[PDB]
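Note sheet for the following structure.
What follows draws every value from the coordinates through simple rules; no lab data is involved. Reconstructed Cβ throughout: ideal geometry from the backbone, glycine too, with neighbour counts over all protein chains shown.
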Amino acid sequence: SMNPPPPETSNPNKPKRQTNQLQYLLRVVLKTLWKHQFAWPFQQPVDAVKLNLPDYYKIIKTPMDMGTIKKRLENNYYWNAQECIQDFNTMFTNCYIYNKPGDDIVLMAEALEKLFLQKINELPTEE
Ligand SMILES: Cc1cnc(Nc2ccc(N3CCN(C)CC3)cc2)nc1Nc1cccc(S(=O)(=O)NC(C)(C)C)c1
């Protein structure tokens, strides 16, 4: 089967704003996770075709990845910081759903999620 289209990253009909929290999510949170040694499998939508995973998009109906999250932030797609946080959580939980406890890719996600939670603990108060 084909890959689904990637999640929307721009919508000219969605209102836009800049907040210090969204700036932090891009400049601090995303940036720190992106450079992590275990980040690479989470940097783009899963290409189930190239990876030969016929069941991936049978199981994962709400795909999400850091490339999509980054594009959303660069485009001012998010209105609330919580939208972005929800997207990271969806990414992590999709990993845990598709795979099994103890799998290498799960350990990788766990490492990234721990770091994510550390950075979110330092989220500045909404100005
Ligand atoms: C975000 C994400 C969540 N789950 C899985 N699981 C996964 C993917 C591929 C495989 N295989 C199956 C065996 N086959 C020969 C190649 C890849 C196994 C599990 N992969 C993810 N991303 C991913 C992105 C790019 C490449 C790969 S990967 O290099 O094909 N797979 C591992 C070795 C990292 C697990 C994986």
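For the chain, rounded, prolate or oblate, judged on the Cα gyration tensor with a ≥ b ≥ c (square roots of eigenvalues), a/c < 1.5 rounded, else prolate if a/b > b/c?
Oblate is the answer for the chain, as a/c is 1.5 or above yet b/c matches or exceeds a/b.
If I take every Cα pair under 8 Å that is 6 or more residues apart in the chain, average their sequence separation and divide by the length, what percent do I get for the relative contact order?
37 percent
Under a point spin-label approximation (7 Å from Cα along Cα-to-Cβ), what is the residue 11-residue 27 distance to one decimal in nm?
2.8 nm
Tabulate in residue order the Karplus-calculated ³J(HN,Hα) for segment 28-41, using 6.51 cos²θ - 1.76 cosθ + 1.60 with θ = phi - 60°, rounded to whole Hz; enter x for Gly and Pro.
10, 5, 4, 4, 5, 6, 4, 7, 5, 5, 9, 7, 4, x
Running a GNM on the chain with Cα contacts under 10 Å, which residue among 13, 94, 80 ends up with the highest mean-square fluctuation?
Most flexible of the set in this elastic network: 13.
Net charge near residue 4: determine it from the other residues with C-beta under 13 Å of the C-beta of residue 4, scoring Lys and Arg +1 and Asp and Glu -1.
Once all neighbours under 13 Å are counted, the net charge is -1.
What dipole magnitude, in Debye to the nearest 20, does the chain give about its Cα centre under +1 on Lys/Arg Cβ and -1 on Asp/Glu Cβ?
Details: 15 positive and 14 negative charges, 62 e Å.
So the magnitude is around 300 debye.
Which residue, 51, 73, 25, tops the fluctuation ranking in a GNM of the chain built on C-alpha contacts under 10 Å?
Highest fluctuation among the options: 51.
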